[PDB]
Amino acid sequence: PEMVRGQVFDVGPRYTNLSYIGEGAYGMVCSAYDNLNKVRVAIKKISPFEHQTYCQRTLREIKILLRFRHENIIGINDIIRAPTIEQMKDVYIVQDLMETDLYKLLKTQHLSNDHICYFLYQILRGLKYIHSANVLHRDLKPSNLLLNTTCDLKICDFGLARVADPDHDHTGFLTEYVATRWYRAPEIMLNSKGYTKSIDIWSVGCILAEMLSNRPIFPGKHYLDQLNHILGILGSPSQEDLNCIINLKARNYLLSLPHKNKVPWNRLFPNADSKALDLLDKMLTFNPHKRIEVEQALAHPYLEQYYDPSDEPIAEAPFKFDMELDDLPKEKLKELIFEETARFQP
Ligand SMILES: Nc1nc(N)n(-c2ccccc2)n1
């Protein structure tokens, strides 16, 4: 088999000329030449079967990415694995090769207003489809937004995604959470499990702010510091917004803080388009019930050049997990991954 930087990368006859690209949130990633379609592609090696947690993330992603079909969501072109469950130690996921991601771009490049607008449009267009299927991404951030050399954008990493469940969103103060800190909505720290769509719009607002300035807007260093960063800019919440928080520990924590006034966006981003700032304000609203939804965001005057609801598809049905998944053993999950990947076997 082909070998790469001290590891087996056996992707068989079809894919050759392997070259290390990096580590994604699963394992090693390599580019390779696809001998059938004659293009270079990206291949991610996943070795998840020695952890119930990795298997769950892997399965969830495979299931979602195979059901979705959309220009702004990364697809799966091929999946490589052994012919039998007994011999299957790794799985290889093959996808279109992208040049870069928004994280790398923001480190190194100033974006024009036209690029910002176009990128934002594509994010929201893909998010419209995801949310129409009743799915929440829950970890939107610059690293999860891939770009090719013509600035086409694709959303990736559906490992933390969930079906929306508004009825079960409530929890106590300071409840643990898994998704990337700087892009977490304020309610996650206060009273929310992140089971509603408004979680994703907050993350998109954070991303917009970062595109405007090249730096993260709420770079909290730990769980609670994330909130003080938010409040220093948005200001103290109103009585009305506090009235929505019924849990006493969360409400009384907020009442204990000194008063902070809002910092107007135009002071933070003096070069920004005023329409971009108006939309940002509506995404970065403290109260999730007052936060703009994806379809309203697409129709905002900032995006008028691109907005076309007839070219902004929705999913054909809501998405559902047949089995629970969360309470399944390793052995079962292995069998399910084997079964889901069968359609790519000769
Ligand atoms: N589909 C694709 N294209 C690239 N470069 N991908 C990549 C994603 C994360 C880390 C390294 C590479 N993924």
Side-chain angles (χ1 to χ4, degrees), residues 70-73 102 105-106 109-133 135-137 140-142 144-147 150-155 164 182-183 185-187 196-218 230 233-235 237-238 240-241 261-315:
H70 187 104
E71 295 155 30
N72 303 120
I73 302 174
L102 222 214
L105 251 203
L106 293 176
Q109 307 291 332
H110 165 85
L111 280 57
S112 75
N113 182 236
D114 291 328
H115 282 89
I116 292 176
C117 192
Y118 187 48
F119 288 164
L120 184 64
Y121 177 68
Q122 293 184 83
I123 294 159
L124 292 167
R125 187 174 178 258
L127 195 62
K128 175 183 180 188
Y129 179 91
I130 297 164
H131 283 183
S132 77
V135 173
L136 312 175
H137 184 286
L140 291 167
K141 59 190 163 171
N144 285 161
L145 303 179
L146 306 182
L147 300 146
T150 46
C151 306
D152 300 316
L153 181 148
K154 299 182 191 269
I155 297 166
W182 301 341
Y183 302 96
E187 61 271 19
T196 66
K197 288 171 191 180
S198 59
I199 295 297
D200 286 333
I201 297 290
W202 178 271
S203 300
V204 176
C206 288
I207 294 165
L208 176 52
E210 198 161 338
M211 286 195 289
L212 294 170
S213 66
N214 301 78
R215 52 248 185 212
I217 183 173
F218 305 126
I230 297 177
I233 288 178
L234 300 194
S238 64
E240 171 164 89
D241 287 348
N261 280 297
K262 201 182 168 54
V263 181
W265 303 109
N266 70 273
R267 275 164 50 187
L268 280 168
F269 309 115
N271 292 114
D273 184 309
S274 306
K275 299 177 191 202
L277 294 182
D278 184 70
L279 177 50
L280 180 63
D281 190 55
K282 292 170 164 47
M283 298 175 156
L284 295 184
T285 295
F286 178 88
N287 181 343
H289 300 106
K290 297 178 188 175
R291 209 170 288 154
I292 197 171
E293 301 203 345
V294 66
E295 294 170 30
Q296 295 167 300
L298 284 158
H300 186 278
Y302 186 54
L303 296 170
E304 181 181 297
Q305 175 187 335
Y306 290 109
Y307 182 53
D308 183 357
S310 79
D311 191 32
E312 286 159 16
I314 57 167

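Each residue takes its place number in the sequence, starting with 1. All values below were derived from every heavy atom in this structure, side-chain atoms included, with hydrogens, water molecules and symmetry-related copies excluded.
Put simply, NE2 on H289 and CD on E187 are 8.5 Å apart, with the number rounded to the nearest 0.5 Å. Note that the CD1 atom of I230 and the SG atom of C206 stand 6.5 Å from one another [nearest 0.5 Å]. Atom CG in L124 sits 10.0 Å away from atom CG in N72 (nearest 0.5 Å). We find the CG-CG distance between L279 and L303 to be 6.0 Å, quoted to the nearest 0.5 Å. Going from atom OH of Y129 over to atom CD1 of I314 covers 10.0 Å, rounded to the nearest 0.5 Å. Taking CG from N261 and CD1 from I233, the interatomic distance works out to 13.5 Å, rounded to the nearest 0.5 Å.
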Check against side chain to side chain contact (heavy atoms under 4.5 Å, CB included), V204 and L120 = CA-CA 8 Å; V204 176; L120 184 64; 3.7 Å; yes
Could you go through the side chain to side chain contact (heavy atoms under 4.5 Å, CB included) check for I217 and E210 one step at a time?
-> CA-CA 6 Å; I217 183 173; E210 198 161 338; over 6 Å; no
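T285 and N287 share no donor-acceptor pair across their side chains, judged by distance under 3.5 Å alone. Side-chain contact check for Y302 and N113: at least one donor-acceptor pair (N or O, by modelled atom type) lies under 3.5 Å. Side-chain contact annotation: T150 with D152, donor-acceptor N/O pair under 3.5 Å present.
Proximity of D273 to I116: side-chain heavy atoms (C-beta onward) are nowhere separated by under 4.5 Å. Residues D241 and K290 meet the side-chain proximity criterion, which asks for heavy atoms closer than 4.5 Å. Between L102 and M211, the closest side-chain pair of non-hydrogen atoms falls below 4.5 Å. Using a 4.5 Å heavy-atom threshold, the side chains of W202 and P186 count as touching. Contact annotation: the side chain of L212 approaches that of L277 to within less than 4.5 Å [non-hydrogen atoms, C-beta and beyond]. By the 4.5 Å heavy-atom criterion applied to side chains, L105 and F119 are counted as neighbours. At least one side-chain heavy atom of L298 sits less than 4.5 Å from a side-chain heavy atom of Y121.
Taking all atoms of both residues into account, the shortest heavy-atom contact from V294 to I201 is N-CD1, 3.7 Å. Counting all heavy atoms, side chain and backbone alike, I155 lies closest to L145 at CG1-CD2, 3.9 Å. The two atoms that bring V135 and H131 nearest to each other are O-CD2, 3.3 Å, heavy atoms only. Here the closest non-hydrogen pair linking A315 and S132 is N-OG, 2.8 Å. When all heavy atoms are compared, the tightest approach of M283 to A297 is CE-CB, 4.0 Å. Of all the heavy atoms in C151 and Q122, the pair that sits closest is O-NE2, 3.1 Å.
Side chain of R125 to backbone of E312: no donor-acceptor contact under 3.5 angstrom is found. Judged purely by atom type and a 3.5 angstrom limit, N214 uses its side chain to pair as donor or acceptor with the backbone of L106. The backbone N or O of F286 sits less than 3.5 Å from a side-chain atom of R291, completing a donor-acceptor pair.
Applying the side-chain hydrogen bond (donor to acceptor under 3.5 Å, both in side chains) criterion to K154, with sequence neighbours excluded, gives no partner residue. Residues meeting the salt bridge (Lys or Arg N to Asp or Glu O under 4.0 Å) test with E293, sequence neighbours left out: none.
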Identify all side-chain donor-acceptor contacts of residues 262-272 below 3.5 Å with residues at least two apart in sequence or on another chain.
unit_1 : atom_1 : unit_2 : atom_2 : d
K262   : NZ     : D281   : OD1    : 3.4
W265   : NE1    : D281   : OD1    : 2.9

